[PDB]
Structure formats: C-alpha cells, structure tokens
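In the form deposited in one PDB entry, a lone chain appears below as structure tokens.
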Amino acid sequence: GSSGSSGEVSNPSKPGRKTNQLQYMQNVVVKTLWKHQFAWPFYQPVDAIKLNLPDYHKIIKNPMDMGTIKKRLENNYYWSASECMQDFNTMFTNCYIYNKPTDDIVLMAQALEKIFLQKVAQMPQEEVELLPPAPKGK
C-alpha cells in the first residue's frame, strides 16, 4: 500500500475499549499539551495544499498531529495508552525530520515533548477498566 493517508479514528479489526490508561491520556496528557502556548500548529493535520509543500509526503513517512491523536482517544481504536504514546512520539519525530533544528515548530515540539514525558511518567504502569457513566436526562 502506497503513502496517501493521515491514519484513522476508529477500527473494527484491531481490538480496543475505554480504559483508565486511555482516560489518563485524553484527560491529563492531551488536556495539558492542548492548553500549552504552542499547541496551536498541532490542532489540525498539515494541509500540504494550503502550506504549499509539494514534497511533504516524500520526506514524511508517517504524518501525525495532536488533533488526530485525540480523535482516536474519543473512540475505541485501541485498548492501551502505549499506542497513544507512540503517536505522540511520531508527531514530534516527523516534525524534527522535515524542519531545521532551530525553526520555531521544532522548539515548540521540544517544549511539548518534555511535558508529555513528565505527564506519562505520572501515568500508572498497570491497566484497569473504567467505572460506568451516569445516565442521560435530556
């Protein structure tokens, strides 16, 4: 399969359900990285048409951005937070490949990544199912 995609947001073939580990990712890790002063260029995927990058996918092996990481956490794409961690790694790494090591977007990714590592370091190492939600009332 040739390159031409930005990943997916749900998956029926891959196993997955809502867990405490994925909850910590979407409730504290993503939550704090999204509140950051440099979160804004990661809120959406790179539109190579709008950015005028005719070679974007020639350098980028695996395009990944925070706006797509949260969109699979909002679903049952996976079972464990180690997959969300590898997506965060893939976002920061693909940014470092394409750009100069002194460009603003690299310094932004370096400042987000240090917080990401401090946050997942405080995530549990064991995994558990969540409690059931409250009922609707509309």
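In case it trips you up, residue 1 is the first one in the sequence shown, and so on.
Only in words, not in the display: the form deposited with a partner chain bound, which the text now covers.
Contact between residue 66 and its partner chain in the deposited complex is not found at the 4.5 Å heavy atom cutoff. Using a 4.5 angstroms limit between non-hydrogen atoms, residue 105 touches its partner chain in the deposited complex. Its partner chain is not drawn, but in the deposited complex it has no heavy atom within 4.5 Å of residue 29. In the deposited complex, residue 76 stays away from its partner chain, with no heavy atom inside 4.5 Å.
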